[PDB]
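Only one chain is given next, in structure tokens, and it is the form solved without the partner chain.
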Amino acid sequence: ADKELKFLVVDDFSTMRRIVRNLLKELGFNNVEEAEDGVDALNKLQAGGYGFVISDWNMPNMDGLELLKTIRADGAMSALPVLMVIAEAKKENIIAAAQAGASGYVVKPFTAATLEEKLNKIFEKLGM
């Protein structure tokens, strides 16, 4: 992929946002911005130029699943890649995410190697 792909990392926990940012950076991706809930996320997405969204499941104001749905329903950004971050490999939560159009999901905590592999799978389907 283009090393300049612009990512948005969304989590209300500042430490995790910083952790993910470090992992992306280690993978060669330095163009990353943060948001702390789905509302903040949506306000930032409107400026434009984002190519990928990495979002936690649980957040105040607007959670992960609601963030996903909004993007999926928006004409200008309906096809934006969205990787959902979840706390346990719970079949039923994973199902909720697939039903909402998630591009992929990852279980936290995760290593750089796992992140790389989940990104690479989304890239290949979208010819990124």
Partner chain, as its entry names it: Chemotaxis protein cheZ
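Positions refer to the first chain, counted from 1.
K.L.:
Do the CA atoms of 37-45 or those of 90-98 have the higher mean B-factor in the entry?
P.N.:
Per the PDB entry, the higher value belongs to 90-98.
K.L.:
Hey, which bit's got the bigger mean C-alpha B factor in the entry, 21-29 or 8-16?
P.N.:
Between 21-29 and 8-16, it is 21-29.
K.L.:
Ranking the modelled residues of this chain by C-alpha B-factor as given in the entry, is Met62 in the lowest, middle or highest third?
P.N.:
Middle third, going by the recorded CA B-factors of the chain.
K.L.:
Grab the CA temperature factor for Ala79 from the record and place it in the lowest, middle or highest third of its chain.
P.N.:
Ranked within chain, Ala79 CA B lands in the middle tercile.
What follows is about the form solved in complex with the partner chain, which we do not show.
K.L.:
Please check if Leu23 has a heavy atom lying within 4.5 Å of any heavy atom of the partner chain in the deposited bound form.
P.N.:
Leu23 belongs to the contact set for the partner chain.
K.L.:
I'd like to check something about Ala87: if you look in the deposited bound form, is any of its heavy atoms closer than or equal to 4.5 Å to a heavy atom of the partner chain?
P.N.:
Heavy-atom contact with the partner chain at 4.5 Å: present for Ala87.
K.L.:
Is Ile94 close to the partner chain in the deposited bound form, meaning a heavy atom pair under 4.5 Å apart or at it?
P.N.:
Because a heavy atom of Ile94 falls inside 4.5 Å of the partner chain in the deposited bound form, the answer is yes.
K.L.:
Does at least one non-hydrogen atom of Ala98 fall within 4.5 angstroms of the partner chain in the deposited bound form?
P.N.:
Yes, contact at 4.5 Å.
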